[PDB]
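Engineer: What follows is the file input_29.cif, containing mmCIF, C-alpha atoms:
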data_entry
#
loop_
_atom_site.label_atom_id
_atom_site.label_comp_id
_atom_site.auth_asym_id
_atom_site.auth_seq_id
_atom_site.Cartn_x
_atom_site.Cartn_y
_atom_site.Cartn_z
CA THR A 1 0.00 0.00 0.00
CA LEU A 2 1.35 3.49 -0.83
CA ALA A 3 0.08 6.63 0.96
CA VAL A 4 0.98 9.56 -1.35
CA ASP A 5 0.69 12.98 0.44
CA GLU A 6 -1.73 14.17 -2.38
CA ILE A 7 -4.32 16.03 -0.25
CA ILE A 8 -7.92 15.39 -1.37
CA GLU A 9 -9.26 18.81 -0.42
CA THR A 10 -12.83 18.54 0.73
CA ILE A 11 -14.18 21.62 2.52
CA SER A 12 -14.16 25.37 1.94
CA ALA A 13 -16.05 27.82 4.17
CA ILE A 14 -16.46 31.59 4.46
CA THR A 15 -16.97 34.03 7.35
CA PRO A 16 -18.70 37.18 6.01
CA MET A 17 -20.42 38.28 9.23
CA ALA A 18 -17.31 37.81 11.34
CA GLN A 19 -15.04 39.55 8.85
CA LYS A 20 -17.58 42.39 8.63
CA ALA A 21 -18.24 43.00 12.34
CA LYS A 22 -16.20 45.71 14.06
CA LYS A 23 -13.46 44.67 16.47
CA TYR A 24 -12.44 46.32 19.74
CA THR A 25 -9.36 45.64 21.88
CA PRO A 26 -9.57 47.54 25.18
CA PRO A 27 -6.46 48.00 27.34
CA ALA A 28 -5.63 44.65 28.90
CA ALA A 29 -4.17 46.07 32.11
CA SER A 30 -7.41 47.88 32.95
CA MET A 31 -9.64 45.07 31.69
CA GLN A 32 -7.93 42.60 34.03
CA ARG A 33 -8.97 44.67 37.04
CA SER A 34 -12.40 45.69 35.74
CA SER A 35 -13.47 42.01 35.62
CA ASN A 36 -13.23 41.82 31.82
CA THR A 37 -16.15 44.22 31.33
CA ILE A 38 -16.19 47.86 30.27
CA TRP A 39 -18.90 50.50 29.96
CA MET A 40 -19.66 52.74 27.00
CA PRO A 41 -22.04 55.72 27.01
CA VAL A 42 -25.05 56.05 24.73
CA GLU A 43 -26.03 59.02 22.58
CA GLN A 44 -27.89 61.55 24.72
CA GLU A 45 -31.54 62.51 24.28
CA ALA B 1 -20.15 4.84 -81.27
CA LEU B 2 -19.65 1.26 -80.08
CA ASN B 3 -16.17 2.06 -78.81
CA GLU B 4 -15.71 -1.34 -77.18
CA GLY B 5 -12.46 -0.56 -75.41
CA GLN B 6 -11.17 -1.87 -72.10
CA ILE B 7 -12.88 -1.00 -68.84
CA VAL B 8 -11.15 0.01 -65.59
CA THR B 9 -12.23 0.70 -62.01
CA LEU B 10 -11.02 3.78 -60.13
CA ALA B 11 -11.03 4.13 -56.35
CA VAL B 12 -9.89 7.62 -55.40
CA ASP B 13 -8.04 8.07 -52.11
CA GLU B 14 -9.87 11.05 -50.64
CA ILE B 15 -11.87 9.97 -47.62
CA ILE B 16 -15.48 10.78 -46.77
CA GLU B 17 -15.30 11.81 -43.12
CA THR B 18 -18.35 10.55 -41.23
CA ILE B 19 -17.56 10.52 -37.49
CA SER B 20 -16.85 13.70 -35.51
CA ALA B 21 -17.37 13.27 -31.77
CA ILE B 22 -16.47 15.42 -28.77
CA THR B 23 -15.28 14.36 -25.32
CA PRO B 24 -16.03 17.20 -22.89
CA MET B 25 -16.07 15.29 -19.60
CA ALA B 26 -12.68 13.62 -20.02
CA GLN B 27 -11.07 16.98 -20.81
CA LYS B 28 -12.34 18.30 -17.47
CA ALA B 29 -11.63 15.20 -15.39
CA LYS B 30 -8.10 15.78 -14.16
CA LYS B 31 -5.38 13.23 -14.77
CA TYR B 32 -3.26 11.50 -12.14
CA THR B 33 -0.11 9.38 -12.24
CA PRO B 34 0.20 6.90 -9.36
CA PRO B 35 3.52 6.83 -7.46
CA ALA B 36 3.98 3.05 -7.51
CA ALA B 37 7.40 1.47 -7.06
CA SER B 38 7.11 -1.75 -9.08
CA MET B 39 5.10 -2.19 -12.28
CA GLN B 40 2.62 -4.92 -11.33
CA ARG B 41 -0.86 -5.66 -12.62
CA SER B 42 -1.63 -6.64 -9.02
CA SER B 43 -4.02 -4.49 -6.98
CA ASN B 44 -2.88 -0.96 -7.82
CA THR B 45 -4.52 0.61 -4.76
CA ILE B 46 -2.78 3.93 -4.10
CA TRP B 47 -3.93 5.60 -0.89
CA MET B 48 -4.09 9.37 -0.63
CA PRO B 49 -4.96 11.53 2.39
CA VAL B 50 -8.10 13.57 2.86
CA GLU B 51 -8.19 17.17 4.05
CA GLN B 52 -8.16 17.27 7.83
CA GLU B 53 -10.93 18.48 10.10
#
Represent the supplied structure as structure tokens.
Structural biologist:
Amino acid sequence: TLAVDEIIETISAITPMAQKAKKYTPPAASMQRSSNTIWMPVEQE
Amino acid sequence: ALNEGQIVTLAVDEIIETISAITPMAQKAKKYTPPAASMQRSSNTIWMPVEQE
């Protein structure tokens, strides 16, 4: 028997929503102490 | 007339093409050459890996 390192490629996916969503990286030193949660204000009315 | 000469037969050597077929599927099916050590008509099973998950 001869295995032949000729990869039979089988799957191919895509991640549109995840590549489209915005990404945020808050400061790690403060987020360690703030219990991994931060607060953001909302537009005033 | 009654020109009773000597008769011949003539077969010309231009051909009348009749068959013209196309092979679309075999021109799209990709070709492989198996990496086998010895040339044996025995079971030619070549094993190839599948993409990992």
Engineer: Which residues, protein or nucleic acid, reach to within 12 Å of (-17.4, 48.0, 26.9) in the file's coordinates when using only C-alpha atoms, and can you give that as a list in words?
Structural biologist: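 Returned residue set, sorted by chain then number, is residues 23, 24, 25, 26, 27, 30, 31, 34, 35, 36, 37, 38, 39, 40, 41 and 42 of chain A.
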Engineer: Excluding residue 6 in chain A and its own-chain neighbours fewer than 6 positions away, which residues fall within 12 Å of it when counting all atoms listed in the file? Please give them as a PyMOL selection string.
Structural biologist: chain B and resi 32-35+46-51
Engineer: Could you save the residues just selected, with C-alpha atoms, as a PDB file, keeping the file's coordinate frame?
Structural biologist:
ATOM      1  CA  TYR B  32      -3.260  11.500 -12.140  1.00  0.00           C
ATOM      2  CA  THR B  33      -0.110   9.380 -12.240  1.00  0.00           C
ATOM      3  CA  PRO B  34       0.200   6.900  -9.360  1.00  0.00           C
ATOM      4  CA  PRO B  35       3.520   6.830  -7.460  1.00  0.00           C
ATOM      5  CA  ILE B  46      -2.780   3.930  -4.100  1.00  0.00           C
ATOM      6  CA  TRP B  47      -3.930   5.600  -0.890  1.00  0.00           C
ATOM      7  CA  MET B  48      -4.090   9.370  -0.630  1.00  0.00           C
ATOM      8  CA  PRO B  49      -4.960  11.530   2.390  1.00  0.00           C
ATOM      9  CA  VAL B  50      -8.100  13.570   2.860  1.00  0.00           C
ATOM     10  CA  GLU B  51      -8.190  17.170   4.050  1.00  0.00           C
TER      11      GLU B  51
END
Engineer: Using only C-alpha atoms, select each residue of chain A with any atom at most 9 Å away from an atom of chain B, and give the selection as a VMD selection string.
Structural biologist: chain A and resid 1 to 11
Engineer: How big is the axis-aligned box around all listed atoms of range 14-28 of chain B once 3 Å goes on each side, and where's its centre, in Å to one decimal, as AutoDock Vina command-line options?
Structural biologist:
--center_x -14.1 --center_y 14.1 --center_z -34.1 --size_x 14.5 --size_y 14.3 --size_z 39.2
Engineer: Mind giving me the straight-line distance from CA of residue 13 in chain A to CA of residue 24 in chain B in Å, one decimal?
Structural biologist: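 Computing the Euclidean distance for CA of residue 13 in chain A and CA of residue 24 in chain B yields 29.1 Å.
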Engineer: One decimal, in Å: what's the spacing between CA of residue 32 in chain A and CA of residue 18 in chain A?
Structural biologist: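 Separation of CA of residue 32 in chain A and CA of residue 18 in chain A: 25.0 Å.
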Engineer: Quick one: distance from CA of residue 25 in chain B to CA of residue 12 in chain A in Å, one decimal?
Structural biologist: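 These two atoms are separated by 23.9 Å.
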